[PDB]
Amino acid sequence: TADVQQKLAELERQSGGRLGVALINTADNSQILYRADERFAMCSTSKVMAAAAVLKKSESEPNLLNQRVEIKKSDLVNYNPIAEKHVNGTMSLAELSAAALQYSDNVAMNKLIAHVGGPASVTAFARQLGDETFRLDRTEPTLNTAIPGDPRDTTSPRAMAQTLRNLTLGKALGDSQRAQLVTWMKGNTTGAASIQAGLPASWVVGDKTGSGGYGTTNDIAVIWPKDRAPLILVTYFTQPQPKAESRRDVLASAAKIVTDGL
């Protein structure tokens, strides 16, 4: 408890940056919190809320996920690993959700944002869930600038852990939609060096990463440990220098520290 706090503080100092952690353990309703009420730039971890907003919308529009969306050269941004393969064709909203969540595709994220009515609509959805901390201000790519002191496109680790718990394990979404979100997150391709890297190989993880300005390196996860109740873990990290390098190792270390001895 105090041991874990000290270990997180030592990791943070060694890292040179600012670390935010929230773990919810659904075994006993306990938490581990470190700067859990401070704001951090979400960066690509915000893609979970945008996909969830589309899933919510689909509850009253049962054919929504099949809807076709044109991909054009004008849609391309800075990071288009899936979308660049589909220029001059269409992708379904399901495909765009999967591309955003599993490959962190920024065009896909922009199409999800646009569909549901823009960043203020994704934010209003967060409010409807009871999350009064989340704010999505901008589209891709600018939502990742992560300037220190800038509250745009931020949330707290506590808020995001509670919200992710509600989305993946609770009743924010209908059963089909929740299952789809969990399926997409379990199939993520981008997370193996982050939270997953600090957990035993046998544990099952659905996570969403993000990388941004000021070396901002983030991951949010739902975790099914071997023969245990699930966990929700948010690890946010950001650094003082604009061109700081990614530090996914810091997220792995934080994950190890807060799950040790479970």
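Residue positions are given as counts along the sequence shown, with the first one as 1.
Going by the B-factors listed in the PDB entry, is the mean over the C-alpha atoms higher for 241-249 or for 20-28? Here the higher of the two C-alpha B-factor means belongs to 241-249.
Which has higher Cα B-factors on average according to the PDB entry: 133-141 or 67-75? It is 67-75 that shows the higher mean C-alpha B-factor.
Going by the recorded CA B-factors, say which third of the chain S104 sits in, lowest, middle or highest. Lowest third - that is where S104 ends up once the chain's C-alpha B-factors are sorted.
Where does the C-alpha B-factor of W203 rank in its chain, lowest, middle or highest third? As the PDB entry reports it, the C-alpha B-factor of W203 lands in the highest third of its chain.
Is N218 in the lowest, middle or highest third of its chain when residues are ranked by C-alpha B-factor? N218: CA B-factor falls in the lowest third of its chain.
Modelled-residue ranking by C-alpha temperature factor, third containing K47: Lowest third of the chain for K47's C-alpha B-factor.
If you rank the chain by CA B-factor, which third does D150 end up in: lowest, middle or highest? It falls in the top third of the chain.
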